[PDB]
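A.B. asks: So the protein sequences, as listed, match chains A and A'. A prime marks a further copy of an entry chain.
Going by PDB author numbering, the first sequence opens with residue 1, and the numbers climb by one from there.
Going by PDB author numbering, the second sequence opens with residue 1, and the numbers climb by one from there.
C-beta: ideal position from N, C-alpha, C; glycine also.
Pasting in a structure now, in structure tokens, and then I'll have a few things to ask.
2 protein chains.
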Amino acid sequence: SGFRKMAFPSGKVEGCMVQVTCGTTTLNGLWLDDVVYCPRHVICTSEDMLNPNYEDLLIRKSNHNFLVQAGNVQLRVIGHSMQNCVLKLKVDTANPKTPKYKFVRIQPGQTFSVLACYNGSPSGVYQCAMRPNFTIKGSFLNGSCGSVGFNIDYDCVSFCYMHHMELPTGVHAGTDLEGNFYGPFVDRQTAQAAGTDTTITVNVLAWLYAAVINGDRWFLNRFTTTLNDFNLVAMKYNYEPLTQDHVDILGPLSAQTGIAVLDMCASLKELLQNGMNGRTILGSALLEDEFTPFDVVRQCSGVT
Amino acid sequence: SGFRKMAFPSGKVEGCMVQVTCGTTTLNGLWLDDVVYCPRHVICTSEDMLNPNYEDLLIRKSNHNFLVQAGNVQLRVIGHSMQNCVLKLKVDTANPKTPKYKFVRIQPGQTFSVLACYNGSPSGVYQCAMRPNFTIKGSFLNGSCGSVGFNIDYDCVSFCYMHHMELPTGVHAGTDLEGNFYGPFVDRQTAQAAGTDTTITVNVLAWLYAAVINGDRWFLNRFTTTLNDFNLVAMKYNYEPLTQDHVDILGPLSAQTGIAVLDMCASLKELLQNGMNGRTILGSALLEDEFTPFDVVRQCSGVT
Ligand SMILES: Fc1cccc(CNCc2ccco2)c1
Ligand SMILES: Fc1cccc(CNCc2ccco2)c1
């Protein structure tokens, strides 16, 4: 029993983190096989960042201009290319600690773990979701860029995120490991405003299931609803619409608890209309939306 | 910017986790040098657990009765002793992945990271505090016993906790790595009730500082107070008393933000008397007490 905001163990990712320096700019890189992946803005002076032309800035750079340090030992860069907003530095040594891995582009509402690093050294690990506006609410200081988001399936690290930007509102933007930004963001120090940070409805529902499973039941009501009825209320409350895809995914939690998905939807609806009345669920005073259905099953069944 | 509930990277601890089996009972052990530490109740049948005599149960056990598996390779047990509520199994191989480490007995309100494991395999990592009633609010299923709590200072893992018990109320009890329980708990399946789960006042104050630092300022008021005045209100609200020791420790956050500790105390006092009025601080609807002053400095300054 107990339910916790739980990150994947970070060991497999700690073994991939390096320091990348280009001139006076230092940030984190990900060393997988003989490639080091890092934010392309490593090549910019914070002056460059105001309106950088990366292709033109890159012309000025050679393999030897990129310093890669893994522990306190330098790696030899024998090639570099830009892919979208990341640099791929070919090093002469394949990473001894390279885990099995994939690069995956996740969907808004998907959760992942961040290993926050500075100078290629890990400082901490936390659990995140991709917000529906394709931002994340991270904890990231200067030097944290190139810190990565991941999921683990048994022994295979799926890398989904690389940290690039803090927006003026202090939320975070970054790329998949092919250098494609989540959302409409660009690696430039310019006014960029996020869209509406809606609640991930399917995740709240999963966490309501986690709560029932763990004995927090006070909020279970005598009502059910429909997807259409619920989705009218959702809209009003800046909740994401719920689809039959979300209902399908909640099936196993529905089955384990014997609470039909639409009944839990009606429980949620009343929580939205009534608020918590100073009560808590799993020691939270608001509805938590940073557990997926898969997260709740995993934690509640004890997957390793 | 951003503030996150952040665990230490778990890599150094992942490399210490083994499976310990004694008869039909399997749980996690910690392999440091040539010793495997695990809960002594590894020797019990859930029948034994109702009123176990560990010394008498141990007489029946030899070195060879303890099966230790690290990855999928067996370690040879060449000795065993009981120290308080842990078994120390001497193995013939020192752990290649042994980090620099210490065993430390932490104080209530101290935070640490848990690497939740099953069959000596890590499933997740989360950040905890030792509650003032010497329980923790973990996430722990059957097979999680021997999972450990730790802090890291640069390259040195301080092990402070080993998981033993879930109380009937679903909160968790365990030992330091010398097998001494936190609080008045015993490794026995018997009615054991926790005392009052008070709020860690100094930690709430630290997190109020973290909030000011990150731009959440709405709650800052026009009042100050005294330790005595504040401690009257604290008492009423099941907050731990604040000492000059807590004030000393908050000094650096006070200095960085220019908010005197007693002014922040008066801010807290009003939050207690008024509640949040449906507002949030660092995206929380209640006051967070699972960041220490040292946690807030570390995260806000970016230590690795
Ligand atoms: F040069 C290499 C290139 C790719 C893989 C490897 C071996 N990686 C083993 C491993 C997994 C986790 C920690 O170490 C070495
Ligand atoms: F047999 C041994 C006994 C004690 C220590 C060691 C070496 N430990 C090195 C290390 C640190 C982190 C990962 O590996 C080996």
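#1: What residues sit near ligand 2, counting only those whose C-beta is closer than 7 Å to one of its heavy atoms, in chain order?
#2: Quick check for students: name the residue ranges of the alpha helix (DSSP H) that lie wholly in the segment 142 to 218 of chain A', counting only runs of 4 or more.
#3: Could you pull the start and end residues of the alpha helix (DSSP H) that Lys236(A') belongs to?
#4: Output needed in chain order: residues of the segment 263 to 288 of chain A with a Cβ under 9 Å from some Cβ in chain A'.
#5: How big is the Cα-Cα spacing for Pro9(A) and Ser123(A')?
#6: How many Å lie between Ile136(A) and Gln192(A) at the Cα?
#7: Pull up the DSSP beta-bridge partners for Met49(A), would you.
#8: Over the uninterrupted beta strand (DSSP E) stretch that includes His64(A'), give me the two end residues.
#9: With a cut-off of 8 Å, does the C-beta of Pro122(A') fall near any C-beta of chain A?
#10: Got a sec: which bits of the segment 125 to 150 of chain A sit with their beta carbon under 9 Å from any beta carbon on chain A', in order along the chain?
#11: Skipping 5 residues on each side, what residues in its chain have a beta carbon closer than 7 Å to that of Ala260(A)?
#12: Which runs of the beta strand (DSSP E), 3 residues or longer, sit entirely within the segment 65 to 111 of chain A?
#13: Based on DSSP bridge pairs, tell me the residues matched to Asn28(A).
#14: Specify, as a first and last residue, the run of the alpha helix (DSSP H) that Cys128(A) falls within.
#15: Go to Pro39(A), then tell me how far its beta strand (DSSP E) extends in each direction, as first and last residue.
#16: Could you name the residues that DSSP lists as bridge partners for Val114(A')?
#17: Quickly, what does DSSP pair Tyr239(A') with across the bridge? List them, please.
#18: Assuming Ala129(A') and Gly143(A') form a contact by the criterion Cβ under 8 Å, report the distance between their Cβ atoms to the nearest whole angstrom.
#19: How about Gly183(A'): is its C-beta nearer than 8 Å to some C-beta of chain A?
#20: Return the bridge partner residues of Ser284(A) from the DSSP annotation.
#21: So, for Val104(A): in the same chain, excluding its five sequence neighbours on each side, which residues have a beta-carbon less than 6 Å away from its beta-carbon?
#22: Report the residue from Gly283(A'), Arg222(A') and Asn238(A') whose alpha carbon sits nearest the alpha carbon of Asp263(A').
#23: Let me know if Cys300(A) comes out buried or exposed under the rule of 16 or more other beta-carbons within 10 Å of its beta-carbon.
#24: Please confirm whether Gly11(A) has its beta-carbon closer than 8 Å to some beta-carbon of chain A'.
#25: Measure from the alpha carbon of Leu87(A') to the alpha carbon of each residue in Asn72(A'), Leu67(A') and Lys100(A'), then state which is nearest.
#26: Thinking just about the alpha-carbon of each residue, which of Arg4(A'), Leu32(A'), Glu166(A') and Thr26(A') is nearest to the one in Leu177(A')?
#27: Here's the rule I'm using: 16 or more other beta-carbon atoms within 10 Å means buried, otherwise exposed. How should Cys156(A) be labelled?
#28: List, in chain order, every chain A' residue whose beta-carbon is nearer than 9 Å to that of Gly170(A).
#29: Whether or not the segment 199 to 209 of chain A and the segment 243 to 258 of chain A are in contact is what I'm after, with contact meaning three or more pairs of Cβ atoms, one per stretch, closer than 8 Å; do they touch?
#30: Under a CB-based cut-off of 8 Å, is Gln83(A) close to chain A'?
#31: Could you check which residue in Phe3(A), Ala70(A), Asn51(A) and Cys44(A) has the C-alpha nearest to that of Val35(A)?
#32: How would you call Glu55(A'), buried or exposed, if buried means at least 16 neighbouring beta carbons within 10 angstroms?
#33: Could you check the C-alpha separation between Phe185(A) and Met276(A) for me, to the nearest Å?
#34: Given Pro52(A), which residues of its chain have a CB within under 6 Å of its CB, disregarding the five upstream and five downstream residues?
C.D. replies: To lay it out plainly:
#1: The answer, residue by residue, is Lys12(A'), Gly15(A'), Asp33(A'), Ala94(A'), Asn95(A'), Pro96(A'), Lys97(A'), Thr98(A') and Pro99(A').
#2: Secondary structure in the segment 142 to 218 of chain A': the alpha helix (DSSP H) runs of 4 residues or longer, each lying completely within the stretch, are 201 to 213 in chain order.
#3: Numbered from 1 along the second sequence, position 236 holds the residue referred to as residue 236(A'). Counting along the chain, the alpha helix (DSSP H) containing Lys236(A') begins and ends at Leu227 to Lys236.
#4: Result list: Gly275, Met276, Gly278, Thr280, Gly283, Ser284, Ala285 and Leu286.
#5: In the first sequence, the residue the question calls residue 9(A) occupies position 9. In the second sequence, the residue the question calls residue 123(A') occupies position 123. Each residue's Cα considered, the two are about 7 Å apart.
#6: Here residue 136(A) corresponds to residue number 136 of the first sequence, with the count starting at 1. Here residue 192(A) corresponds to residue number 192 of the first sequence, with the count starting at 1. For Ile136(A) and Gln192(A), the distance between alpha carbons rounds to 14 Å.
#7: Position 49 of the first sequence holds residue 49(A). For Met49(A), DSSP records no beta bridge to any residue.
#8: Mapped onto the second sequence, residue 64(A') falls at position 64. Under the DSSP assignment, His64(A') falls outside any beta strand (DSSP E); it carries neither an H nor an E label.
#9: Looking up residue 122(A') in the second sequence gives position 122. True, the Cβ-Cβ gap to chain A drops below 8 Å.
#10: Against chain A' - using a Cβ distance shorter than 9 Å - the residues of the segment 125 to 150 of chain A are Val125, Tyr126, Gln127, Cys128, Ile136, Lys137, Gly138, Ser139, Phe140, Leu141, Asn142, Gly143 and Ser144.
#11: Within the first sequence, numbered from 1, the residue matching residue 260(A) stands at position 260. Only residues of its own chain outside the window of five on either side were considered, and among them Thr224 and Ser254 have a CB closer than 7 Å to the CB of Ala260(A), listed in chain order.
#12: As summarised for the segment 65 to 111 of chain A, the continuous beta strand (DSSP E) elements at least 3 residues long and confined to that stretch are 66 to 70, 73 to 75, 77 to 83, 86 to 91 and 100 to 103, given in chain order.
#13: Walking along the first sequence from the start, residue 28(A) turns up at place 28. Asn28(A) pairs with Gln19(A).
#14: The residue labelled residue 128(A) in the question sits at position 128 within the first sequence. Not the alpha helix (DSSP H): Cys128(A) falls in the beta strand (DSSP E), residues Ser121 to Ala129.
#15: Locating residue 39(A) in the first sequence gives position 39, where the first residue counts as 1. Where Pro39(A) is concerned, the enclosing beta strand (DSSP E) starts and stops at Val35 to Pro39.
#16: The residue labelled residue 114(A') in the question sits at position 114 within the second sequence. Per DSSP, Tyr126(A') and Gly149(A').
#17: By 1-based counting over the second sequence, the position of residue 239(A') is 239. Beta-bridge pairing links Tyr239(A') to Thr199(A').
#18: As a first step, residue 129(A') must be located in the second sequence, where it is residue number 129. As a first step, residue 143(A') must be located in the second sequence, where it is residue number 143. Rounded, the Cβ-Cβ distance is 24 Å, inconsistent with contact.
#19: As a first step, residue 183(A') must be located in the second sequence, where it is residue number 183. It does not; no Cβ of chain A falls within 8 Å.
#20: In the first sequence, counting from the first residue as 1, residue 284(A) sits at position 284. DSSP output for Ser284(A) lists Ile281(A) as bridge partner(s).
#21: If you number the first sequence from 1, residue 104(A) lands on position 104. Exclusion of the five residues before and after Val104(A) leaves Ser158 and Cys160 as the residues of its chain whose Cβ lies within less than 6 Å of its Cβ.
#22: Translated into the one-based positions of the second sequence, residue 263(A') becomes position 263. Selected option, being the one with the closest Cα: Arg222(A').
#23: Residue numbering aside, residue 300(A) sits at position 300 when the first sequence is read from its first letter. Buried is the call here.
#24: Position 11 of the first sequence, counting from 1, holds the residue named residue 11(A). For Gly11(A), the closest Cβ of chain A' is nearer than 8 Å.
#25: On the second sequence, position 87 is the one that residue 87(A') refers to. Of the candidates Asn72(A'), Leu67(A') and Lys100(A'), the one whose C-alpha sits nearest the C-alpha of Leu87(A') is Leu67(A').
#26: Position 177 of the second sequence holds residue 177(A'). The candidate whose alpha carbon is nearest that of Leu177(A') is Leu32(A').
#27: For the purposes of this step, residue 156(A) is taken as residue 156 along the first sequence, with counting starting at 1. Classification for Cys156(A): exposed.
#28: Numbered from its first residue, the first sequence carries residue 170(A) at position 170. Residues of chain A' passing the Cβ test: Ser1, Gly2, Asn214 and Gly215.
#29: Here the segment 243 to 258 of chain A lies against the segment 199 to 209 of chain A, with 3 or more beta-carbon pairs under 8 Å apart.
#30: Locating residue 83(A) in the first sequence gives position 83, counting from the first residue. False, the Cβ-Cβ gap to chain A' never drops below 8 Å.
#31: Against the first sequence, residue 35(A) aligns to sequence position 35. If we check each option's Cα against that of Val35(A), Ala70(A) comes out closest.
#32: Here residue 55(A') refers to the residue found at position 55 of the second sequence. The Cβ neighbour count for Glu55(A'), taken over all protein chains shown within 10 Å, is under 16; the residue is labelled exposed.
#33: Taking the first sequence and counting its residues from 1, the one referred to as residue 185(A) is at position 185. Taking the first sequence and counting its residues from 1, the one referred to as residue 276(A) is at position 276. Straight-line Cα distance between these residues: approximately 36 Å.
#34: Numbered from 1 along the first sequence, position 52 holds the residue referred to as residue 52(A). For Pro52(A), where only same-chain residues beyond five positions count, the Cβ hits under 6 Å are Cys44.
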